[PDB]
């Protein structure tokens, strides 16, 4: 059962198609229009159905050209309000009907961020973007807001003519709006069935540059050139991902570089991956995020988790595929380095929640839990650790990659549970069932904390990071003069980041050590968002007051939650910056992404 949805489940009825016709009004901060749902009954004598909605204004519901009775139930917190539709005629099993719902979004839709021109690069035009994952599609349109249901979609979007609309679909033309010549209509088609959290929309002053045979990069004009360079390896990654997962079925693989308030590193929207502008390091060093989003074209978008309790199926397999792409491009020692880094991020998450916390379990129970509050590195890294452990136990990467491809083939276009995955693993590895029966499944899948077994990792690229970090941690005041810019000469940006991660795990360090690190390494000058984030966290946790304006600036000038949430939390925990952290959040709250605003609010205990 999907405990995050209030809609009729897949066993009652299934949405087969959505035909969306809407208009974006920037003055009212509203999306208005019709969502035409092609619903197939899965039951005999079906006379009503329930849809998920959240802060939607419903005008009418039309079936067979006539208005039908509908009712909106009491709001159930983050789940929204259930919408019961009275069908005009009882439906037999497998019978299909079209339900056209006239709706309007609230300006406070948790799925959307409305940007004023001042909040964009260009400063002349407003901007809109959606983020439906996990359960925010119900805050845009009435739907069965569950990944257990997959549907195709077509969309027609009216926007002011000076702007461009894009969706998680194939672009299907543009025309002047026949109802308003100050507007344009942008058309879209998604022929591959998808869960509704993969529905996405962006409206802004967008420009494009071709960077591959099936890839355009999209952003405001100011970011196009930098984005084209940063993501130039995209086609190479797609070719490797196809070799590992089978055919790319989505047609196009475009990239959209969002404004800095985009709350995640990326979003695997089909045909149009969304990315944070914090990836624009200038040297392609944060491109693993692209490898991760590309990998989702197989794991997550083709093979989907049936409910959000099984989310690890989505991320664990994606991180696994992502690390193989980087492994093919830069070698097996690099894949091991990234895997070990991943284990360290898992240690961090387990330490933050506490080793007995229910969110440290691989398979979770989201009954009465807002998925946004549960979000962490655990399904990513505990999920990856399991697969990497299975890879070693079952004979190596080549053998395990054979399983990955067969798993994708077996479950493409379906929504599955952990039991479905485990059953297939046992079927594929029938000749190694004795090895599989040695796995402590109850601990790996259902127990909190660190996994019962840690995999084996090649140390070649990690050794220099640990050695430098340990030199700083063990150093006394009279050893600080020995550090010099030459200590970093043989370290890649990835190794610099790992050195900071290792040191941050032992934070605080004495204030004199942090001051010396800046003196000799000039970390303040580094623009790479990952390195800068860890360096600022290290400064704040080591109580360096000079870092307060830098940390406040980074936390607010961008909104990627991975950075913004721990920076605000570190600033709130430092006595010297506590008041500034709270006040800065209060003054920025209204201009923030709604999900980021909620979570920073909870982290700071500011209601």
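Residue numbers count along the first chain shown, from 1.
In this entry, 426 to 434 has the higher mean Cα B-factor, the comparison being between 510 to 518 and 426 to 434. Looking at 406 to 414 and 176 to 184 together, the entry lists the larger mean B-factor for 176 to 184, computed on C-alpha atoms. Of the candidates 129, 253, 444, 533, it is 444 whose Cα B-factor is highest according to the PDB record. The PDB entry gives the largest Cα B-factor of the residues 147, 277, 449, 379 to 449. In the deposited entry, the Cα temperature factor of residue 596 places it in the lowest third of its chain's modelled residues.
Placement of the Cα temperature factor of residue 270 within the chain: lowest third of the modelled residues, per the deposited record. Placement of the Cα temperature factor of residue 559 within the chain: lowest third of the modelled residues, per the deposited record. Per-chain ranking of the deposited C-alpha B factor places residue 19 in the middle third. Ranked against the other modelled residues of its chain, the C-alpha B-factor of residue 213 as given in the entry falls in the middle third.
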